Amino acid sequence: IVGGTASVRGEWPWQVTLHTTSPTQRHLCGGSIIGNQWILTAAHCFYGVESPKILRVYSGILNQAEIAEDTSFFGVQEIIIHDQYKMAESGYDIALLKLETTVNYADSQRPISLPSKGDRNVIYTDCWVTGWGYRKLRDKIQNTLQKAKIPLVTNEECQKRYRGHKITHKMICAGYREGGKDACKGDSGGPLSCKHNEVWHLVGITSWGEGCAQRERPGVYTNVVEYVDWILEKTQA
Ligand SMILES: *[B@@]1(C2=[C][C]=C([C][C][N]C([N])=[N])[C]=[C]2)O[C][C]([C][O])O1
């Protein structure tokens, strides 16, 4: 996260840090708890990943330092990538991780509600982007979970900032005309939490953009509301 600050412990209980153990353990992506055994994250976060076996999901984490060889984690039983996904920039950048065990909810780890199809004409206030991602073009995973308040931008406005791309209605962007605050490498899969009437909603999933926090270059996120049917279909046994 660029231009953000340290989050308070338990302030984003749905945020998880997804690690890979190969070659050696490290943070790979962010993700969101949406069900007792479900993590919603980004599809392009599994590039080169041929097995769920090297994955480890950690919940209720604030500082990466809390994670050691003796720290408990959730194994991943299955990785579900949208069958239409090809690459972040083309859309459908969404994936579901079915955990091997159930998450016992608590103040430190609980699910975030998905937006409703009726929440489309709703103006989201208090939108934040979080993660342990880079702080700059060429930085490194951050120890403390970072947070940054970032306003949503209309698709038409976003499209103007990405003439070479096609910003579809299945995407949603957020950023400042002058940049300064934005997601960066490592925040992918991270949730775009947004407040709607006192209730936190998972509006988007950190997907892509050009550089980090650059002027006139809004972050691009998967428009979650457009996938509620897909999520239901894939999570219902
Ligand atoms: B993501 C990731 C990669 C690159 C960026 C920078 C462009 N996006 C912006 N500025 N919003 C953000 C996030 O983090 C983990 C990796 C996994 O492949 O991708």
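Start at 1 and go down the list; that is how both ligands and their atoms are numbered. Nothing fancy with the numbering, it's 1 onward along the sequence. The analysis underlying the following values was restricted to heavy atoms, covering all of them including side chains, and did not include hydrogens, waters or symmetry mates.
- You'll find the side chain of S32 reaches within 4.5 Å of the side chain of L202, heavy atoms only.
- For atom 8 (N) of ligand 1, the closest heavy atom belonging to the protein is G209 N, 3.3 Å.
- Between the CG atom of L99 and the CZ atom of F73 there is a distance of 11.5 Å, given to the nearest 0.5 Å.
- A cation-pi geometry, defined here as NZ or CZ lying under 6.0 Å from the six-membered ring centre and within 45° of its normal, does not hold between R56 and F74.
- Close approach of ligand 1 to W208 is summarised as follows: ligand atoms under 4.0 Å from at least one heavy atom of the residue are 8 (N), 11 (N).
- Close approach of ligand 1 to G219 is summarised as follows: ligand atoms under 4.0 Å from at least one heavy atom of the residue are 11 (N).
- Linking ILVMFWY side-chain heavy atoms closer than 4.5 Å, directly or via other members, places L152 and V225 in two distinct hydrophobic clusters.
- Some N or O of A183 is nearer than 3.5 Å to an N or O of ligand 1, by distance alone.
- When the shell of 6.0 Å around NZ of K136 is examined, it contains more than 12 heavy atoms from other residues, nucleotides or ligands.
- Annotation: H44 places an N or O atom under 3.5 Å from an N or O atom of ligand 1; distance criterion only.
- Annotation: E178, atom CD; neighbour count of heavy atoms from other residues, nucleotides and ligands within 6.0 Å is above 12.
- Within the 4.0 Å heavy-atom criterion, neither part of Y47 lies near ligand 1.
- Nearest non-hydrogen protein atom to atom 11 (N) of ligand 1 is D182 OD1, 3.1 Å.
- A distance of 6.0 Å or more separates the ring centres of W14 and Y105.
- Checked against a 6.0 Å centroid threshold, the rings of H82 and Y227 count as neighbours.
- Proximity of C184 to ligand 1, defined as any heavy-atom pair under 4.0 Å, is confined to the backbone N, CA, C and O atoms.
- By the 3.5 Å distance cut-off applied to N or O atoms, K185 is not counted among the residues near ligand 1.
- Between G211 and ligand 1, at least one pair of N/O atoms sits closer than 3.5 Å.
- Atom-to-atom distance recorded for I94:CD1 and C45:SG is 12.0 Å, nearest 0.5 angstrom.
- Proximity of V2 to ligand 1 is not established, as no heavy-atom distance is less than 4.0 Å.
- If you look at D187 next to ligand 1, the close heavy atoms, those under 4.0 Å, all belong to the backbone.
- Contact annotation: for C212 versus ligand 1, heavy atoms closer than 4.0 Å belong to both the backbone and the side chain.
- Polar contact check, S188 against ligand 1: a nitrogen or oxygen pair lies under 3.5 Å apart.
- Sparse packing is recorded around CD1 of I123, with 12 or fewer heavy atoms of other residues, nucleotides or ligands lying under 6.0 Å away.
- Ligand-side atoms of ligand 1 in range of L28: 15 (C), range being under 4.0 angstrom from any heavy atom.
- For ligand 1, the atoms closer than 4.0 angstrom to any heavy atom of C29 are 15 (C), 17 (C).
- The shortest N or O to N or O distance between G186 and ligand 1 is below 3.5 Å.
- When all heavy atoms are compared, the tightest approach of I1 to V129 is CD1-O, 3.6 Å.
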